[PDB]
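Take a look at this single chain in C-alpha cells; it is the form solved without the named molecule.
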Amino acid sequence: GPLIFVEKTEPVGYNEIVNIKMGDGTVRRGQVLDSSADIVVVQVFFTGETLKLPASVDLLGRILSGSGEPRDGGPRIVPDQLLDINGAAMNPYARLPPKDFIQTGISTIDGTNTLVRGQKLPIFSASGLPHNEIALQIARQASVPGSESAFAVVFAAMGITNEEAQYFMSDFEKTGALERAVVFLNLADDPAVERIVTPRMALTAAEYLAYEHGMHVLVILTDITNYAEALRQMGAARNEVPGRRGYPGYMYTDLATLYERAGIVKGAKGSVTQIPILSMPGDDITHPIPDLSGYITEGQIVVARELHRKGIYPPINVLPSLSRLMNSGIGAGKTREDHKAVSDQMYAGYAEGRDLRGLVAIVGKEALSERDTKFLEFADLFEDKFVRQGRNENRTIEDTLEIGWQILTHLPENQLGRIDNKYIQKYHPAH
C-alpha cells in the first residue's frame, strides 16, 4: 500500500523485504523501491526505522536541505518530537471548511482571488516566467491580520540550481523573513529520493507548527513539476509508461498524498495553507508525468506571458484566475464590507475593456463609443496601477481597495452595475 521513508543503514536491493519500526511504535513489513545514501523508499504491506523530521519550534529561522540537514552552517535541529513524514503523524486536520484572510500583499491575489486559511491555491505558470519571484515575495510579505494565532512560513524549493539556492538563502537572511520561516532547499544534483522527501518534510513541519503550536502556517512549494520529473524515474516507475501495464498503481495517487495535506487543524487555532507552483510542462511527449490537475481544485493564480512581455510584474491575469473559497475570507470583520463589490466590478470592467481591445482592432480607435473608450482605458489602468506593483511592495488590503476605487473613478458612476449604492456613497472618491 502506502509509500513510507526509512533511514538507510546498509545497502538494500530492489524489492528487498524489510521490517520497519514506525514513529508510533508499531512495525510494518514492506518492500524496497529505491534509495539514496541515507534514505530508503519502502512500499508497505533488514530492520529499519522511519526517516524523521526533528520537530521543534526552533525549526523557525533555519535553512535546511530536502532531508532536513542544515545548510546554514548552524547545528543540527534539537528535536522536541521525532515525526514520521508521510502524513500519518498527528492526524491534525479538522472536518471544517477553510476560512478567514491571508494577506499576501499582492493586489491580484488579495483583491480579486483571495487566499483563505486552509486553502490550496496554486500558482500556474510556465518556463521563463517569474513564478519564483512571486513565491518569494509572498514568503516575505504574508500575514494574518487580526488573528490571535502566530504566523509562520514553510518554503520548500525542489531541483533548483546552486545559484538559485544562494539567492533564496540571501533573500530570506537579508529581509528578516527568515525569523518566521523554515526553509528546505533541494538542489538539482541532490539525490532524486531527497527531492521526493522534500515536500513531505515541509508539510510535516507545517502540520507540527499548526497543530502542536496553534499557528497559521503558509507552505510555498516550488516547483511541483520538478518534483514530478524526479517521481516519474524513481523506483517502480522507472521506464514504465502511464496508462500501460507495468505502471505502478501508487503513481496515480502520489500527488494526492501532497494535496490532501491542507486545511484547518483540530482545535481551530491553526491551519495549513498551500501555495504550490505548477509550471506547464513543455515536454509531455518525451517525459510523461502524473496529471497535475488534481492540485487545482480550489482555484489557481495564472501567470501570463502577455503581461510579462508588456513589462508588468507580477504578470498575473486575474480573468482566468479563481479562488473558490474567496467569499469565506472577505467582508466586514475580515477585510472590508465593500471588498466583494469592488472585486466584482473591477473583474467585470477589466473583462469588458479587454474585449474592447479586440473591438478597437476591428473598427479602429476613433469608431469606439465614448462609453466603450472609458472601459478600454480602464483595462490599461487596471494593468498599469493595480496588477503592476513592486517586487518589494507589500500592499495592505486597504491599500489594494483604495487603488481599486481610484481606478474605478475612470468609469461613469452610472456604469457601476455591480456596486450597490450604499457602497458608492460610503467609499467612492467622489462621495
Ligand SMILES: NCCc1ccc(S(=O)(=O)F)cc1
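A residue's number is simply how far along the shown sequence it sits, counting from 1.
Student: Quick check on the record: how many residues from the deposited sequence are absent from the model between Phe45 and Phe46 (none, 1 to 3, 4 to 9, 10 or more)?
Tutor: Gap size class: 10 or more residues without coordinates, per the record.
Student: So 160-168 or 118-126, which one's hotter by mean CA B-factor in the entry?
Tutor: Between 160-168 and 118-126, it is 160-168.
Student: Comparing 186-194 with 275-283, where is the mean C-alpha B-factor higher?
Tutor: Higher of the two, by average CA B-factor, is 275-283.
Student: So among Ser149, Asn226, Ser143, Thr257, who wins on Cα B-factor in the entry?
Tutor: Of the options given, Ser149 has the highest CA B-factor in the PDB entry.
Student: Between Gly66, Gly390, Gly404, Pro70, which one tops the list for C-alpha B-factor in the PDB entry?
Tutor: By C-alpha B-factor in the record, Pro70 ranks first.
Student: Can you tell me whether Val241 has a C-alpha B-factor in the lowest, middle or highest third compared with the other modelled residues of the same chain?
Tutor: Ranked within chain, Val241 CA B lands in the highest tercile.
Student: Taking the values exactly as deposited, rank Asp100 by C-alpha B-factor within its chain and report the matching third: lowest, middle or highest.
Tutor: Its C-alpha B-factor, which the entry lists for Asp100, ranks in the middle third among residues of this chain.
Student: Based on the entry's values, in what third of the chain does the Cα temperature factor of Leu51 lie: lowest, middle or highest?
Tutor: For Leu51, whose C-alpha B-factor we compare with every modelled residue in the chain, the answer is the middle third.
Student: Considering only modelled residues of the same chain, in which third does the CA B-factor of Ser321 rank: lowest, middle or highest?
Tutor: Lowest third, going by the recorded CA B-factors of the chain.
Student: Pull the Cα B-factor of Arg357 out of the PDB entry and bin it into the chain's lowest, middle or highest third.
Tutor: Its C-alpha B-factor, which the entry lists for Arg357, ranks in the lowest third among residues of this chain.
Beyond the structure shown, there is the form deposited with the named molecule bound, which is absent from this document and is the topic of what follows.
Student: Going by heavy atoms within 4.5 Å, which of 49-57, 66-74, 366-374, 28-36 lines up against the named molecule in the entry with it bound?
Tutor: Flagged stretch: 28-36.
Student: From the list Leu411, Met22, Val18, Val12, which entry has a heavy atom within 4.5 Å of the named molecule in the entry with it bound?
Tutor: Selected residue: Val12.
Student: Determine whether any heavy atom of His428 comes within 4.5 Å of a heavy atom of the named molecule in the entry with it bound, and answer yes or no.
Tutor: So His428 does not count as contacting the named molecule.
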